[PDB]
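Now for the letters of each chain:
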Amino acid sequence: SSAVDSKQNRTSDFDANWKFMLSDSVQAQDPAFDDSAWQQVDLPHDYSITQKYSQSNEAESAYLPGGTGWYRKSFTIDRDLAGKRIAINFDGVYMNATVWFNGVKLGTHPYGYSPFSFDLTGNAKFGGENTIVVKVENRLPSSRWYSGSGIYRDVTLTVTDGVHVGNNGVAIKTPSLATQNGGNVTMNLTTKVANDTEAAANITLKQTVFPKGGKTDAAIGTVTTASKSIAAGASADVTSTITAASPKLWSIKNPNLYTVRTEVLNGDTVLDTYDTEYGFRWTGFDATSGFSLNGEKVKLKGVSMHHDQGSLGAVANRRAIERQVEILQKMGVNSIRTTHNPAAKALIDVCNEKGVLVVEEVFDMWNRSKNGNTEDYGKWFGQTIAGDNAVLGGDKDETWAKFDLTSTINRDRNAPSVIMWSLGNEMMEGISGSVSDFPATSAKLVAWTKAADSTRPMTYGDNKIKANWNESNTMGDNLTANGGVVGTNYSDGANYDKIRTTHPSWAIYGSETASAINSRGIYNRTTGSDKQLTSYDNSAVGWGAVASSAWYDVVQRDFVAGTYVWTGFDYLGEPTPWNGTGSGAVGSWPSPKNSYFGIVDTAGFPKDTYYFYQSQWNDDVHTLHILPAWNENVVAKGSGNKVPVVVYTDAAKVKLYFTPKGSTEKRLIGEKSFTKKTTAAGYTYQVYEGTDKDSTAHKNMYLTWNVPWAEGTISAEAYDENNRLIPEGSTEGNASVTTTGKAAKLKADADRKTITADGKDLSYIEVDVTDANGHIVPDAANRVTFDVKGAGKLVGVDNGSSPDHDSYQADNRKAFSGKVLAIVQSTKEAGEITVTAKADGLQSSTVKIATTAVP
Amino acid sequence: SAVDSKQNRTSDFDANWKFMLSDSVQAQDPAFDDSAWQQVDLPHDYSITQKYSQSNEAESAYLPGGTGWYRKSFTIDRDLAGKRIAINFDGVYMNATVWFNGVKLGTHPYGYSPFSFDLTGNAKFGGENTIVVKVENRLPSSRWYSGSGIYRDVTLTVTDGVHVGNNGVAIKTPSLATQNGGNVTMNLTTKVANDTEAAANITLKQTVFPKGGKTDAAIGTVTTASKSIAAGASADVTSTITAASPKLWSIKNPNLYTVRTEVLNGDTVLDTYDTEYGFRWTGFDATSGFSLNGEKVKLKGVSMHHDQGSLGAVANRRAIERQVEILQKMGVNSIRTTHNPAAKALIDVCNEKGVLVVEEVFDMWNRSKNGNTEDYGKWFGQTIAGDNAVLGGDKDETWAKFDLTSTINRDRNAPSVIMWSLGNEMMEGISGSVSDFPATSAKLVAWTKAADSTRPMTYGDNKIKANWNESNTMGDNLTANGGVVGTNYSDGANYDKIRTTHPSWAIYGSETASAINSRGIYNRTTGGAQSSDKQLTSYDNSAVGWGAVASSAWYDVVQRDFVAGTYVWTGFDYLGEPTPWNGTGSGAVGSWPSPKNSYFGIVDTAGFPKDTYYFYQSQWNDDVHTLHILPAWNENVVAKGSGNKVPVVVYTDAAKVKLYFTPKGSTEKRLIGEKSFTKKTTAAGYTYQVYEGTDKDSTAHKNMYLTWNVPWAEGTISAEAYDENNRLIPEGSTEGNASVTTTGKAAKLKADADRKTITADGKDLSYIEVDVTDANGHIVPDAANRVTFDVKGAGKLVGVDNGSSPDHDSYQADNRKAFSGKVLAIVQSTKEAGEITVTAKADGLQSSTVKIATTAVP
Ligand SMILES: [Mg+2]
Ligand SMILES: [Mg+2]
Ligand SMILES: [Mg+2]
Ligand SMILES: [Mg+2]
Ligand code: NA
Ligand code: NI
């Protein structure tokens with residue numbers, strides 16, 4: 001805003017027109033402070049991503065500095081809001097925020113990932129100039145991965161009448177849904193109503209359930225409560241029951257959403273209108289056969305995902321986040337674990353609308369700091385909250401851990417995508433001292449979660465289960481006794497079996513799996529020189545497993561509910577095997593600064609293993625993908641100059657061919673068929689059982705041929721169980737690879753060629769480097785320069801390469817393995833964006849993006 | 001890429017080239033590494049793919065030129081061995097240098113005339129050969145968009161050592177007018193060369209037969225007496241064919257003949273050479289004008305620049321042929337190739353289509369124009385170097401004579417070509433005295449009369465109307481030599497004085513009108529105010545200060561038997577010269593993006609006609625009827641004068657028009673008005689119509705059409721046409737919009753391909769017009785929706801266009817805004833037969849899909 005007045009929506013965007021300064025000496029909380037030389041910024045904003053890399057920082061957190069940042073916004077509150085209540089909401093600030101309003105200190109908030117709020121009412125100047133100030137102190141080292149710094153999530157203002165529904169004030173339960181499904185469904189609601197006026201109110205609620213977007217004419221249930229007197233200055237929980245007439249279920253394939261609207265009446269008139277989003281669905285976890293959704297067995301085909309958005313840094317841009325989910329859905333992913341901290345609300349929103357199941361994790365460490373990170377949340381978890389700290393969002397009577405956990409649950413309690421609360425990750429890993437206190441701390445978190453929300457199972461991800469620690473056994477039983485689910489980090493097949501034998505009562509899953517480490521487009525070796533790693537699936541960390549192995553072990557076992565592979569997307573920091581937990585660079589500078597863990601790189605460009613997962617997980621598409629790229633200077637030659645050719649596919653049978661350079665005739669190289677296996681619960685998977693099968697069982701989840709090198713084309717044909725061809729139009733992946741010429745042309749394409757002109761929406765522009773005939777040159781690293789004209793601007797450039805230290809805010813970047821990305825953002829005026837990609841000696845490429853005015 | 005006998009005597013050499021843009025590289029060596037260079041098929045324009053820049057000139061569309069290198073490596077078989085080889089260029093713009101296998105063959109300045117190089121002397125038989133062309137379009141070189149590079153076809157000629165010379169056959173029929181119907185005498189002259197090491201005893205067997213074309217249907221043959229021609233020498237062999245009753249080449253029946261020359265040495269045939277011909281004669285009388293084959297004909301002509309719109313300067317045969325087809329439908333029967341030799345392809349189409357061509361060779365002479373220090377003005381008078389082995393025309397004087405005779409040599413037998421034009425406004429936009437021009441003029445005239453005697457020479461002079469002494473002197477020299485004087489931009493009053501003070505001259509409007517209009521713009525009826533949307537009215541009330549509106553320039557010509565005809569500037573819009581936002585130096589005009597193609601065109605660059613097209617159709621095409629109404633009838637596009645009355649204009653050739661109105665929501669039409677034309681007849685017997693009612697316009701020429709002032713209201717304005725006997729003229733025999741209706745909002749695209757089956761040769765095109773219409777199919781008059789094209793199958797997208805001048809969007813993109821409801825995609829076939837699928841899409845609108853068949857070469 002620049003001015004706040006009636007009638008903005010009850011909750012309105014407050015992202016625009018802030019001023020920013022990086023200084024650990026300035027004191028700028030006074031409204032009369034001169035900030036004329038400060039940067040003007042729109043939020044969300046990350047001030048680590050704009051600073052330089054430095055060897056004096058830590059590899060763990062991408063060698064980037066944190067620091068003390070100040071944010072100021074001056075805005076008018078019109079006289080017409082005089083008797084209204086005003087609050088400011090932060091979906092996240094990393095970290096150690098301090099908030100002032102018109103010179104008065106309101107309070108503080110340590111945790112960089114939980115949402116919080118401040119009432120502004122008591123200090124507001126109605127009919128005047130106002131100044132809100134936020135001091136942020138990301139004092140390093142505070143993180144095991146790249147955190148970023150600043151107000152990296154959206155900010156809103158909430159304006160209401162004196163009588164109003166409390167912050168996150170509606171809870172909905174449907175405890176008999178499974179039985180009532182298709183008929184009248186009982187909704188039990190509880191609504192906190194606050195009377196912040198100087199007279200008693202006679203309150204009735206009018207609550208309505210209707211399809212999202214969506215008018216009240218199409219409601220499927222309503223209720224009006226009996227009159228309840230709420231005294232001046234008091235609040236009350238108001239229980240109500242809605243009978244919902246045959247609601248449509250929220251499922252992965254059809255994620256139906258409803259709006260649940262609460263109108264607060266006092267006397268005869270409506271004073272407040274509160275909406276919350278809801279979906280009808282139920283889940284189950286069973287010790288013997290795993291997970292179910294709405295009464296149907298479902299395998300949790302999941303990824304772990306850190307919060308950052310690549311070249312954008314920590315900024316929680318809704319489209320950036322929506323794009324990640326889309327790319328993951330294409331892989332066959334149906335679930336995300338928010339490692340290791342609450343997600344942005346934007347992710348929750350996207351998963352509600354797209355039909356993705358979320359395991360929302362709240363904490364990494366508990367009351368013991370990890371990896372030498374003396375300023376991490378470990379230092380805060382068990383501290384108390386000062387009585388004059390006015391911060392709002394959760395329970396304030398015990399510790400920060402209770403506040404941040406209940407604050408997170410309060411925000412997302414009605415979101416259908418969220419299926420479990422995860423309370424910790426590897427709590428006893430990388431810390432110092434006794435772990436004798438960890439069972440009691442766990443039981444305490446479990447009790448708080450149960451009392452906050454009875455509708456979902458709680459969990460955690462624990463890596464000492466495989467080591468059989470007593471503390472872990474005790475903690476596991478405690479989860480179970482409270483209807484929770486036990487997540488084991490990095491167990492193999494044999495350990496899954498041991499847990500199941502040793503603990504028959506536990507419902508279990510793979511809460512962190514694989515940790516395969518690969519670069520994109522790397523073929524001149526097949527096993528784990530140039531600060532890159534093979535793209536073949538034969539490279540994992542010592543405690544981890546390659547992708548085929550971690551899946552093979554899960555797919556055979558109905559009692560292992562699912563897997564959350566580490567990770568879906570590469571993220572900034574933890575550049576294992578070049579990681580470092582203290583100060584200083586690893587290997588020669590520039591050192592790898594982002595992860596190798598991801599199936600998809602930071603730019604959103606899939607690595608080869610993407611198509612293995614797709615062949616395993618996506619039953620809505622077929623897959624046929626060949627590696628390696630077929631250029632002499634990128635392949636690996638084994639015995640007899642034979643190259644390992646790998647095919648990932650969900651087909652029943654594959655024929656492999658070769659075409660010589662300059663020929664139009666292909667000859668047959670090989671032919672292989674899979675075997676269908678079926679588990680007791682009815683899950684099916686495919687394995688190769690021919691007599692030339694690999695000696696390692698899991699590698700038979702895919703196909704390998706040893707092919708002599710020669711210039712030309714390797715191509716594949718796919719057949720179903722009835723020996724009918726599976727045509728190219730129905731199949732994803734590279735069904736052929738060919739020897740390319742030298743780089744000659746750029747080829748750009750935008751993912752969405754029409755976007756919203758709201759100063760927020762993004763268009764992602766992939767640029768390929770190709771030869772004269774359009775084949776992507778596999779090792780091309782040509783420097784590409786973007787020229788953006790019209791109603792938008794370049795906000796990022798990326799190539800996903802870990803050792804690339806070039807600025808993400810530059811207008812140019814080297815391609816890596818033939819690809820480079822540019823990200824363009826709209827303005828607040830409708831128009832058109834023209835983007836030209838250029839490289840020396842190559843043909844240029846132009847895309848055209850239209851931007852449309854907000855309805 | 002290899003040349004094997006018996007591939008045709010002349011074969012298409014367009015495929016498999018390599019190109020790089022660089023003024024630094026030196027790539028004339030066969031060893032030079034091509035591997036990173038772009039791969040291109042000719043013809044090719046490398047200006048059109050570059051970006052617009054305010055650093056360039058408005059005149060030439062704000063596009064750059066630069067240095068382009070072309071490389072082709074190929075193998076010469078032993079299947080040949082000992083034969084003569086030559087490479088032929090129809091055009092390279094400009095300043096070309098040629099190496100072969102490393103040896104510099106020579107250079108050629110002019111970007112518009114054809115040329116050749118013998119490759120025999122430096123060839124590698126049985127081995128590998130590398131031809132290299134360097135192109136240097138140093139800007140500023142042109143008053144309009146030229147393009148750069150090898151923008152016309154390239155061929156190889158492979159012959160025996162004893163062979164007909166290049167363009168080696170000249171045909172004359174001096175007594176055709178008398179002999180017509182009977183035996184017609186053909187006087188031939190053939191250059192025969194003996195590039196062997198021994199003498200040869202030669203006879204010629206020449207045969208004339210109908211095009212396509214067996215010799216069993218010949219109408220004349222001759223065998224010459226044995227001539228001895230020595231080794232290393234050539235001899236002009238005259239001969240005579242007696243043609244038995246040849247069918248004439250005329251506009252309605254353009255009969256074409258193949259004249260085949262066999263060269264015999266001893267018993268056998270050593271070389272066989274063909275040239276296209278047509279039997280026809282013309283006259284220019286100072287009193288009654290022009291005639292073809294004894295019959296008076298009025299030259300209804302347009303000026304046409306070389307480029308093909310979104311394709312740039314590329315002389316694609318189908319793009320060329322489509323232009324002519326569109327002009328023919330307008331009733332045009334003659335084209336002036338302004339201001340430079342045409343592509344041979346354009347001479348081929350007119351030969352076949354029955355269009356009269358005036359082939360102009362030069363713009364400026366030996367004085368450069370418009371600050372264009374690198375135009376042909378600096379080369380015109382230069383001499384040709386002794387070691388410059390470039391072939392085509394005479395080399396003993398200047399480039400002026402070389403390019404002039406090279407053009408005459410290529411097309412001396414073309415039946416379509418009626419005149420040679422030797423310049424255009426030679427004294428305009430130059431510095432210094434003009435004292436020297438009457439001499440330069442007389443020299444060019446002498447060069448032409450000596451080169452080809454069968455055609456009159458001419459030029460286009462804009463200083464006659466200003467009565468310059470030098471123009472009088474030059475016109476007299478024209479006349480003395482059997483010439484015809486073309487005057488640029490004379491009106492009725494000035495045509496008459498010319499006729500009075502110079503009674504011996506035969507004259508015509510060499511350049512006329514220069515009306516300036518956008519396609520589909522109606523919210524103002526004049527260019528009387530200064531525009532603000534970078535467009536101009538579609539009403540014919542807009543022309544440059546030296547020019548005239550279309551009805552006025554035609555009114556003046558039709559009334560005067562002594563003005564043989566007109567060549568309207570222009571038939572089609574072209575890139576560059578974007579008057580009245582033109583600029584002759586560097587920098588942009590008005591706010592950027594600045595207008596970058598012309599407004600002069602009757603038809604826009606995409607081939608969509610402007611409204612005035614149907615005015616000309618009503619004046620010119622006697623094979624169709626015309627009934628056309630403007631404006632479009634939406635409230636936000638019309639212009640309201642007094643009383644909220646909109647000027648409605650009807651262009652028609654009918655005798656009588658009834659004008660109606662139908663209120664929105666009704667099916668009942670009411671009569672608004674009714675008007676009838678009067679027929680007029682000149683001394684020579686030409687007829688035209690003018691309105692002489694009591695409510696006629698006070699300006700006479702505006703009465704060649706009909707106007708009504710009509711109050712605005714939602715609904716449909718429609719028209720009925722009647723002949724002189726009061727019998728209705730049905731819609732099925734009439735062209736134009738005979739109704740206009742208030743549309744709804746844009747709802748759907750309607751796509752259509754002009755040809756639904758094209759040739760799979762990698763050259764042929766299908767033109768896909770897309771209209772933005774409402775739910776009921778009416779074109780929304782101001783629709784500017786961005787349309788995106790998905791091309792799949794045996795073809796590819798090569799251009800997109802909307803004809804809008806200030807639109808700078810790349811012509812190579814797969815999308816473009818429509819302009820005034822219309823947009824077009826050009827698609828090209830591949831060399832494999834198949835099916836092309838093209839889907840047009842736009843946000844919020846229904847899509848439209850067409851399928852194009854492509855069929856193999858037989
Ligand atoms: Mg992202
Ligand atoms: Mg599948
Ligand atoms: Mg100039
Ligand atoms: Mg007619
Ligand atoms: Na992998
Ligand atoms: Ni550390």
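Rules used throughout
- Residues numbered from 1 in each chain as written, not as in the entry; some residues may be left out.
- Chains lettered and ligands numbered in written order.
- Part of a larger assembly, values for the part shown.
- Heavy atoms only, no water.
- Residues with missing side-chain atoms left out of burial classes, pairs and counts.
- Helix = DSSP H or I, 4+ residues; strand = E, 2+ residues; numbered from the N terminus.
- Rg over C-alpha atoms; globule rule 2.2 N^0.38 Å.
- Donors = N, O, S within 2.8 Å, 3.2 Å for Na, K, Ca; no water.
- Buried < 20%, exposed > 50% of the residue type's maximum accessible area, 1.4 Å probe, protein only.
- Axes fitted to C-alpha atoms, helices over the stretch in contact; angles between N-to-C directions.
- Left-handed = near helix turned anticlockwise from the far one by under 90°.
- Contact = heavy atoms within 4.5 Å.
- Nonpolar A, V, L, I, M, F, W, Y, C, P; charged D, E, K, R; others polar.
- Pairing = 2+ DSSP bridges.
- Domains from an automatic or database assignment.
- Buried area = accessible area lost by both parts, 1.4 Å probe.
- Salt bridge = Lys/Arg side-chain N within 4 Å of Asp/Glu carboxyl O.
- Polar contact = N/O pair within 3.5 Å; in protein donor to acceptor, adjacent residues only side chain to side chain.
- UniProt positions renumbered as here; feature names shortened; annotations may be inferred.
- Right-handed = clockwise from strand over helix to strand, strands pointing away.
- Core = buried A, V, L, I, M, F, W, Y, C linked by side-chain atoms within 4.5 Å.
- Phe/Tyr/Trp six-rings, centres within 6.5 Å; stacked < 30°, edge-to-face > 60°.
- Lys NZ or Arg CZ within 6 Å of the ring centre and 35° of its normal.

**Considerations on the overall build of chain A**
When helices and strands are counted, chain A shows nine helices and 48 strands. Taken against the 2.2 N^0.38 rule, which gives 29 Å for 855 residues, the C-alpha radius of gyration of chain A at 28 Å falls within 12% of a compact globule. Each of the three principal axes of chain A carries a C-alpha extent, and together these read 90 × 60 × 60 Å.

**Notes on the coordination of the magnesium ion (ligand 4)**
Residue and element names in this part refer to chain B. At 2.3 to 2.5 Å from the magnesium ion (ligand 4) lie its protein donor atoms, namely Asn621 (O), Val624 (O) and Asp653 (OD). Read in sequence order, the donor residues for the magnesium ion (ligand 4) give the motif N-x2-V-x28-D. Residue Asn621 is classed as buried on the basis of its relative accessible area, which comes to 8%.

**Quick notes on the packing of helix 4 (residues 399–411) of chain B against helix 5 (residues 437–451) of chain B**
All names here are of chain B. Direction vectors running N to C along helix 4 and helix 5 enclose 30 degrees, while the axes themselves pass 10 Å from each other. Here helix 4 runs over helix 5; the crossing is right-handed. For the pair helix 4 and helix 5, contact is made by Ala400, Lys401, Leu404, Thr405 and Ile408 and by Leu444, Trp447, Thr448 and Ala451, respectively. When grouped by side-chain class, the residues that make up the contact of helix 4 with helix 5 number six nonpolar, two polar and one charged.

**Observations concerning the pairing of strand 45 (residues 795–801) of chain B**
All names here are of chain B. Within strand 45, six of the seven residues are buried, leaving the element largely enclosed by the surrounding structure. Bridge count for strand 45 against strand 47 (residues 822–829) is six bridges, and the pairing is antiparallel. Note on strand 47: the bridge partner recorded for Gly799 is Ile826.

**As for the domain arrangement of chain A**
Residue and element names in this part refer to chain A. Domain assignment breaks chain A into domain 1 (1–161), domain 2 (162–282), domain 3 (283–623), domain 4 (624–743) and domain 5 (744–855). A separation of 31 Å is found between the C-alpha centroids of domain 1 and domain 5. With six residues of domain 1 in contact, the opposing surface of domain 5 contributes four residues. Around 470 Å² of area is buried between domain 1 and domain 5 when both sides are counted, 51% of it from carbon and sulfur atoms. Where domain 1 packs against domain 5, one counts two salt bridges. Between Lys760 and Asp13 there is a salt bridge, with the nearest N and O atoms lying 3.3 Å from each other. For the pair domain 1 and domain 5, the number of links is three residue pairs in polar contact.

**Some details on the UniProt feature "binding site: Mg(2+) 1" (unreviewed entry) in chain B**
All names here are of chain B. Here the UniProt-annotated "binding site: Mg(2+) 1" (unreviewed entry) positions come out as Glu57, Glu59, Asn370, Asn372 and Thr584. Over a stretch of 528 residues, the named residues converge on one spot in the fold, their C-alpha atoms separated by at most 10.8 Å. With respect to the secondary-structure elements, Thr584 resides in the loop between strand 30 (563–569) and helix 9 (612–620). Of the residues examined, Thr584 reaches a relative accessible area of 42% and is grouped as partly exposed.

**Observations regarding the UniProt feature "binding site: Mg(2+) 2" (unreviewed entry) in chain A**
All names here are of chain A. Taking the numbering used here, the UniProt-annotated feature "binding site: Mg(2+) 2" (unreviewed entry) corresponds to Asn618, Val621 and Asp650. Maximum C-alpha separation among the annotated residues is 9.1 Å over a sequence range of 33 residues, consistent with a single clustered spot. Along the chain, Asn618 falls in the loop between helix 9 (609–617) and strand 31 (622–627). Excluding its chain neighbours within four sequence positions, the residues that come into contact with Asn618 are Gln329, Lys330, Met331, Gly332 and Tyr613. Within the secondary structure, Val621 sits in the loop between helix 9 and strand 31. If sequence neighbours within four positions are ignored, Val621 has contacts with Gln614 and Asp650.

**What about the interface of chain B and chain A?**
On the side of chain A, seven residues touch chain B, which itself brings seven residues to the contact. Looking at the side of chain B that touches chain A residue by residue, the classes come out as one nonpolar, three polar and three charged.

**Some remarks on the UniProt feature "binding site: Mg(2+) 2" (unreviewed entry) in chain B**
Residues and elements named next belong to chain B. In the UniProt entry, the feature "binding site: Mg(2+) 2" (unreviewed entry) is given for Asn621, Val624 and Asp653. As for its position among the elements, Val624 is in the loop between helix 9 and strand 31 (625–630). According to the relative accessible area criterion, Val624 is buried, its value standing at 17%. Discounting residues that sit within four places of it in the chain, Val624 has contacts with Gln617, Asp653 and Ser733.

**A few points about the pairing of strand 28 (residues 486–489) of chain A**
Residue and element names in this part refer to chain A. Alternating positions in strand 28 separate into two faces, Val486 and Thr488 on one and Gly487 and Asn489 on the other, with burial throughout. As paired elements, strand 27 (residues 458–462) and strand 28 share two bridges and run parallel to each other. Residue pairing across strands places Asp462 opposite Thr488, the latter belonging to strand 28. Viewed along the sheet, the connection from strand 27 through helix 6 (residues 470–481) into strand 28 turns out right-handed.

**Observations concerning the coordination of the magnesium ion (ligand 2)**
All names here are of chain A. The protein atoms that coordinate the magnesium ion (ligand 2) are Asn618 (O), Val621 (O) and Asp650 (OD), at distances of 2.2 to 2.6 Å. Sequence spacing among the residues donating to the magnesium ion (ligand 2) works out to N-x2-V-x28-D. Of this pair, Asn618 sits in the loop between helix 9 and strand 31 while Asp650 sits in the loop between strand 32 (642–649) and strand 33 (653–660), and the two are 32 residues apart along the sequence. A relative accessible area of 9% means that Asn618 is categorised as buried. By relative accessible area, which is 23% here, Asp650 ends up partly exposed.

**Some points on the nonpolar core**
Residue and element names in this part refer to chain A. If you look at the biggest cluster of nonpolar residues, it comprises 162 residues, and the most contacted ones within it are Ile88, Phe90, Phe363 and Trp630. Top element by residues in this core is helix 8 (residues 547–555). It accounts for six residues. Setting aside anything within four residues of it in sequence, one finds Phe363 in contact with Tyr111, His340, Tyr377, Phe381, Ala401, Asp404, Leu405, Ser422, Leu423, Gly424, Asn425 and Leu445.

**Focus: the packing of aromatic side chains**
Taken as a whole and assessed by the stated rule, the structure comprises 72 aromatic pairs over all chains. Measuring from ring centre to ring centre gives 5.9 Å for A:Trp366 and A:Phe438, while their planes differ by 20 degrees; the resulting arrangement is stacked. With A:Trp366 in the loop between strand 25 (357–361) and helix 4 (400–412) and A:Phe438 in helix 5 (residues 438–452), the pair connects residues that are 72 residues apart, well separated along the chain. What makes A:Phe438 buried here is its relative accessible area of 0%. Seen in terms of ring centroids, B:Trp399 and B:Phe402 are 5.5 Å apart; in terms of plane orientation they differ by 90 degrees. Their pairing is edge-to-face. Here B:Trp399 and its partner B:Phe402 are both found in helix 4, three residues apart, which amounts to about one turn of the helix. The pair B:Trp399 / B:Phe402 is uniform in exposure class, with both members buried. In textbook terms, an aromatic cluster arises when at least three aromatic residues are bridged by ring pairs, as seen for A:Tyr94, A:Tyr111, A:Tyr113, A:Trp145, A:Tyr152, A:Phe363, A:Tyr377 and A:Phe381. Above the face of the A:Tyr683 ring, A:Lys299 is positioned so that its terminal group lies 5.1 Å from the ring centre. Over the face of the ring belonging to A:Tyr719 we find A:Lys653, whose NZ or CZ atom lies 5.3 Å from the ring centre.

**Quick notes on the UniProt feature "binding site: Mg(2+) 1" (unreviewed entry) in chain A**
Residues and elements named next belong to chain A. Sites flagged by UniProt as "binding site: Mg(2+) 1" (unreviewed entry) map to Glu58, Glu60, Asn371, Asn373 and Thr581. Following the sequence through the fold, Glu58 ends up in the loop between strand 4 (39–41) and strand 5 (67–77). On the basis of relative accessible area, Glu58 is assigned to the buried category, the value being 13%. Not counting residues up to four positions away in its chain, the partners in contact with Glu58 are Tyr63, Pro141, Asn373, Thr581, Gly582 and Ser583. Tracing the sequence through the fold places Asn373 in the loop between strand 25 and helix 4. Once residues lying within four places of it in the same chain are set aside, the contact partners of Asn373 are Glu58, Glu60, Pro141, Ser142, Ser143 and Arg144.

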